[PDB]
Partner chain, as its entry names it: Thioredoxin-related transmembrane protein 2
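Just the one chain here, laid out as structure tokens, in the form solved without the partner chain.
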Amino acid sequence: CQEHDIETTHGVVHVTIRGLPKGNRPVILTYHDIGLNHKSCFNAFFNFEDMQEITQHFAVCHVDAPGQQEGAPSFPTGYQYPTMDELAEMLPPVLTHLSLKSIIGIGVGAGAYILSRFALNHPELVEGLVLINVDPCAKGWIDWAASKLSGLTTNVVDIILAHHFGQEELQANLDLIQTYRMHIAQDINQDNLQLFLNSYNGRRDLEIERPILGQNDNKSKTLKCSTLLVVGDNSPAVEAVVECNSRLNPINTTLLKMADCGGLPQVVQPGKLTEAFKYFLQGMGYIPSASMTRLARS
């Protein structure tokens, strides 16, 4: 349960490890979304009562953004050299700096893209991924025109809330919009948030293609890990995840469109997301002597 700073290779990234009992068991790497931080993205979920069954059996890490979580040093000129392809490839040094064999990463939004790119670059350090609201596609021009033409005068927190939460969800505040808006405004500073958003706006198209039965063995670049795609049924990223659900090997990937949720499934519906993660991990040979949830409480 200590906070560690990795060696300055193409930048420095702050990580937080909750323990090192694994030896051989994989760890649970994490990567938050744009404008957020681990204390606001995964802390509200890993401390859940139903998640204690998993947290006590795996080492949980928390890889923050190339910016900062506590304080706001920022950069004078900014110079956001580490892009998503650059951010993904700085993870193997992090793993070698903590003696981590392999990670079961779980990323939200841009963190999901970073983990996917890291898995594509190094399909041996990751055993499985939980891609929440993943978007392996560039903005193109069709939505790029609407992202800036009608939003020339738009605050960055409004842009982040539009990216995360659904249209009606932000239209009608349920005090969750207020809580996460104050989380965005305070804590993490605006400069690094804007820099991260600008870096993420590029989002070069991830190379993934669904294997065809016996013909495309010559060219195929689909993930080799057990994938669990999570997205709320009332979020603006549903189409992105369905696009990622396609062009992905339907033998190991899983698509979960949760019914009564939308926006951030990790905080709105934690009790179902933790059950899904437990079932996803249990089929990988892990936590075998666990309890099947909903079995009449026992």
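Residue numbers count along the first chain shown, from 1. Just so we're on the same page, rigid core means the largest C-alpha set that superposes within 1.5 Å between forms.
The form deposited with the partner chain bound exists for this protein as well; it is not shown, and the discussion that follows is about that form.
Judged against the partner chain in the bound PDB entry with a 4.5 angstroms heavy atom cut-off, the residues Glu3, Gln190 and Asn198 are out of contact without exception. Residues within 4.5 angstroms of the partner chain in the bound PDB entry, judged by any non-hydrogen atom, belong to 169 to 177 and to none of the other stretches in 169 to 177, 91 to 99, 108 to 116, 74 to 82. Contact check for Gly262: no non-hydrogen atom falls within 4.5 Å of the partner chain in the bound PDB entry. Interface membership of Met51, defined by any non-hydrogen atom within 4.5 Å of the partner chain in the bound PDB entry, is ruled out. Taking the partner from the other structure, the partner chain in the bound PDB entry has a heavy atom within 4.5 Å of a heavy atom of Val268. With a 4.5 Å cutoff on heavy atoms, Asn47 counts as touching the partner chain in the bound PDB entry.
Contact residues in stretch 24 to 39 (any heavy atom within 4.5 Å of the partner chain, taken in the bound PDB entry) are limited to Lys39. Fit the rigid core and compare the CA positions between this form and the one not shown: of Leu197, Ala185, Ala138, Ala145, just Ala145 moves by 2 angstroms or more. Once both forms are fitted on their core, a CA shift of 2 Å or more is seen for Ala172 between this form and the one not shown.
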